[PDB]
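> experimental coordinates for this protein are included below, preceded by the sequence.
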2 protein chains.
Amino acid sequence: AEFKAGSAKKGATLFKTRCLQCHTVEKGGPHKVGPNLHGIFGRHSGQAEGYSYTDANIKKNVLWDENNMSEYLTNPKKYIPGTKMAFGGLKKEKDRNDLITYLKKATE
Amino acid sequence: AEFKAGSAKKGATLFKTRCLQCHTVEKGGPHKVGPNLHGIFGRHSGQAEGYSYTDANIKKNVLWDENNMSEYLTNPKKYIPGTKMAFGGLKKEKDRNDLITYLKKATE
Ligand code: HEC
Ligand code: HEC
Ligand SMILES: [Cl-]
Ligand SMILES: [Cl-]
């Protein structure tokens, strides 16, 4: 994938309707079904403090950046076979760019 | 991964020593142990005419670009479990950037 900066505003509404059910983004925010995502960019996968991951999410051990995040969110179980993130993917490149633009700022 | 343009000149030497054994890049160049790589950027994985790929590589169905190429070359079998490309990987980021800088140009 090749991330290109998008709309944080549109990204925020995507997050609210496609991600929030399972994730929070704020520093010190709670784990839910999925891990709190504060500090996710620039950190290896499977390391949110206190969250119990699958073996696959741990073994992937990928340093999250805007490009491999875009690939992951296109199709999570293709990027991390054995994941337990029950999300099918964002099929539109503009959607991934908007979402990641928001997520970069929100999880900073 | 986050590709950054590097040295095409150094990339050519890296391709000679690490890839050429199994790959050609020229338009109409032969398949060898590995597929000819002409036009690889902007092609989906496993789709070059006349080459017999693994199911793994076909199923990955990745649209090759500079960033996912960089993740791939770091560790091919980790990115595409089941691939028959016998290559340990380019562990140095500058080496991947140089190689991909060369490869983008050479496969046009
Ligand atoms: C529940 C139904 C979820 C939805 C909808 C989304 N995610 Fe998720 N995510 C969920 C779980 C249970 C997990 C852990 C999976 C595992 O195998 O252990 C995750 C994981 C992630 C990650 C990786 C986190 C890390 O490596 O530390 C990311 C980056 C992530 N989730 C982001 C994300 C986004 C942006 C979503 C909306 C588009 C989204 N997830 C949906 C659960 C669920
Ligand atoms: C033989 C010993 C190889 C060496 C050295 C390198 N590669 Fe390779 N590669 C090889 C095979 C047998 C295959 C097909 C794998 C399969 O599972 O079918 C490949 C594949 C690639 C690809 C994907 C091609 C496509 O999807 O059409 C790329 C982009 C690629 N190889 C690049 C590449 C580079 C840049 C190398 C040097 C660093 C390199 N390979 C080494 C066999 C061999
Ligand atoms: Cl050639
Ligand atoms: Cl190396």
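Happy to help now that I have it. Numbers count the residues shown, from 1 in each chain, chains lettered A, B, ... in the order given. Ligands and ions are numbered 1, 2, ... in the order given.
> what's the single longest helix in chain A?
Taking DSSP state H as the criterion, chain A has its longest helix at helix A:93-106.
> ok, and does that one reach over to chain B?
No - remark: helix A:93-106 sits outside contact range of chain B, by Cβ under 8 Å from any Cβ of the partner chain, the gap being at least 10.4 Å. Yep, even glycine has a C-beta here, placed from its N, CA and C like the rest.
> the closest residue to residue A:102 other than its chain neighbours sits in which helix or strand?
Sequence neighbours aside, residue A:11 is the residue nearest to residue A:102 in space, at 2.8 Å (criterion: Cβ to Cβ, 6 or more residues apart in numbering or on different chains). Per DSSP states H and E, residue A:11 falls inside helix A:8-18.
> so how far is that helix from its chain's centroid?
When distances are taken as Cα atoms, centre = their mean, to the nearest Å, helix A:8-18 is centred 12 Å away from the chain's centroid.
> for whichever helix or strand comes after it, name the packing helices and strands.
Downstream of helix A:8-18, the first helix or strand assigned by DSSP H and E is helix A:55-60. Judged by 3 or more Cβ pairs under 8 Å, 6 or more residues apart in numbering or on different chains; DSSP states H and E, helix A:55-60 is in contact with no other helix or strand.
> list the buried residues in helix A:55-60.
Using 16 or more other Cβ atoms under 10 Å in any protein chain shown as the test for burial, helix A:55-60 gives A:56-57, A:60.
> near ligand 1, which of the residues you listed show up?
Taking Cβ under 6 Å from any ligand atom as the test, ligand 1 is in contact with A:56-57 out of these.
> out of the buried residues of helix A:55-60, flag the one nearest to residue A:16.
Ranked by distance to residue A:16 (Cβ to Cβ), these are led by residue A:57 at 23.5 Å.
> contact partners for the nearest residue to that closest one once chain neighbours are set aside?
Nearest residue to residue A:57, sequence neighbours excluded (Cβ to Cβ, 6+ apart): residue A:46, at 4.5 Å. Contact partners of residue A:46, counting by Cβ atoms under 8 Å, 6 or more residues apart in numbering or on different chains, are A:53, A:57-61.
> which bits of chain A sit near ligand 1?
Proximity of chain A to ligand 1, by Cβ under 6 Å from any ligand atom, involves residues A:18-19, A:21-23, A:33-35, A:37, A:40, A:45-48, A:53-54, A:56-57, A:73, A:83-87, A:90, A:99, A:103.
> what number of residues lie near the closest residue to residue A:79 other than its chain neighbours?
The shortest distance from residue A:79 to any non-neighbouring residue, by Cβ to Cβ, 6+ apart, is to residue A:72 (4.4 Å). Residues near residue A:72, counting by other Cβ atoms under 10 Å in any protein chain shown, number 24.
> surely residue A:72 and residue A:81 touch.
No - Residue A:72 lies out of contact with residue A:81 (Cβ atoms under 8 Å); the separation is 11.9 Å.
> residue of chain A with the smallest distance to ligand 3?
In chain A, the residue that lies nearest ligand 3 is residue A:2 (25.8 Å; Cβ to the ion).
> how about that residue: what's its closest non-neighbour residue?
Leaving aside its chain neighbours, residue A:2 sits nearest to residue B:65 (5.4 Å; criterion: Cβ to Cβ, 6+ apart).
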